[PDB]
Amino acid sequence: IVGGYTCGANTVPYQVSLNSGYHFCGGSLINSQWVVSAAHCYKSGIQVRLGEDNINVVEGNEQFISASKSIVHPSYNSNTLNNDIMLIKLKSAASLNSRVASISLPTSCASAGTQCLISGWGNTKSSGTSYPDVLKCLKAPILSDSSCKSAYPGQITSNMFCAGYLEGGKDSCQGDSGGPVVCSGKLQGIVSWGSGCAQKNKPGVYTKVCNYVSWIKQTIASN
Ligand SMILES: NCCc1c[nH]cn1
Ligand SMILES: [Ca+2]
């Protein structure tokens with residue numbers, strides 16, 4: 001997260017870190033056994049880390065649970081990043097509490113102008129490279145479809161939205177991939193892609209989760 005703030009330990013209780021020897025992506029806990037992330041975060045040997053603040057230090061609220069299976073969206077295209085969504089099932093159910101909690105799925109799509117919270121352990125620099133150990137947060141509005149398409153000609157599908165600031169300075173970045181965009185207590189987005197970070201007229205692009213609720217529910221119900 002570039003131009004954000006330190007969230008505070010366990011203040012974003014649905015935020016997970018995906019770890020394969022190291023943090024490589026964010027995710028969102030949506031029930032005791034399931035995490036939603038980006039399809040471009042797919043790899044084998046995933047351990048889900050819940051209750052994290054400092055990802056380099058065991059602080060006492062963590063639960064580390066190995067993934068039993070991952071399900072990339074059937075229509076995910078890695079070239080265009082269309083349908084950039086994946087489900088991860090935990091080998092055992094997380095113990096839910098005030099610091100490890102699920103986030104609700106949307107019942108309807110959020111509009112341009114809706115204020116959201118984007119979070120992650122990604123790069124905090126727009127030119128250089130610096131990775132924080134503690135969770136970073138950014139409050140950001142959803143941008144209009146028209147401004148999103150104008151920012152990225154030929155690249156924005158009906159399964160994507162832009163959020164952030166056309167002036168630059170505040171954005172998600174490398175390592176935030178797969179993490180949450182939460183608006184009014186609903187998971188509306190997944191950190192998906194952009195052109196660099198926090199650059200003028202290049203806001204972050206997010207997977208439009210409301211399009212996937214039926215798939216998520218049906219997949220969970222049979223797996
Ligand atoms: N807005 C950029 C988010 C991102 C994803 N991967 C790398 N960067
Ligand atoms: Ca920790």
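Counting begins at 1 with the first residue of the sequence. Every number for a ligand or one of its atoms is a count from 1 in the order of the listing. Hydrogens, waters and symmetry mates are skipped; everything else that's a heavy atom, side chains included, is used.
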Separation between SG (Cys148) and CD (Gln155), nearest 0.5 Å, reads 9.5 Å
- Message: Would you say that more than 12 heavy atoms from the other residues, nucleotides or ligands in this model lie under 6.0 Å from the NZ of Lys43, or not?
- Response: yes
Quiz item: Taking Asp176 for the side chain and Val2 for the main chain, is one N or O donor matched with an acceptor at less than 3.5 Å?
Solution: no
Regarding [X] and [Y], do their side chains bring together a donor and an acceptor under 3.5 Å, going by distance alone?
X	Y	answer
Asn82	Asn77	no
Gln15	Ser119	yes
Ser111	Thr114	no

Within 4.0 Å of some non-hydrogen atom of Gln174, the atoms of ligand 1 are 7 (C), 8 (N)
Counting from 1 in the order shown, the ligand 1 atoms closer than 4.0 Å to a non-hydrogen atom of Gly204 are 1 (N)
Atoms of type N, O or S from protein under 3.0 Å of the Ca ion (ligand 2), total 4
Task: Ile46 reachable from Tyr22 in the ILVMFWY side-chain graph, under 4.5 Å edges - done: yes
Could a heavy atom of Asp171 be found less than 4.0 Å from some atom of ligand 1?
yes
Original post:
Any heavy atom of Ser172 sitting closer than 4.0 Å to ligand 1?
Top reply: yes
Checklist line | Step-by-step side-chain contact (heavy atoms from CB on, under 4.5 Å) determination, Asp171 to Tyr165 | finding: CA-CA 8 Å; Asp171 205 355; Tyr165 299 89; over 6 Å; no
Exercise. So, is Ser192 polar-close to ligand 1, with some N/O to N/O distance under 3.5 Å?
Worked result: no
N or O pair under 3.5 Å between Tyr206 and ligand 1: no
In terms of its nearest heavy atom to atom 5 (C) of ligand 1, the top option of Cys197, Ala38, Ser177, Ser195 is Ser177
The ring pair (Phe, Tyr, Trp, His ring centres under 6.0 Å) partners of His73 (sequence neighbours excluded) come to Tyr212, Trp215
The residue among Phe161, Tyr152, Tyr206 that forms ring pair (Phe, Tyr, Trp, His ring centres under 6.0 Å) with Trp193 is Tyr152
Note: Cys173, heavy atoms under 4.0 Å from ligand 1, region reported as backbone
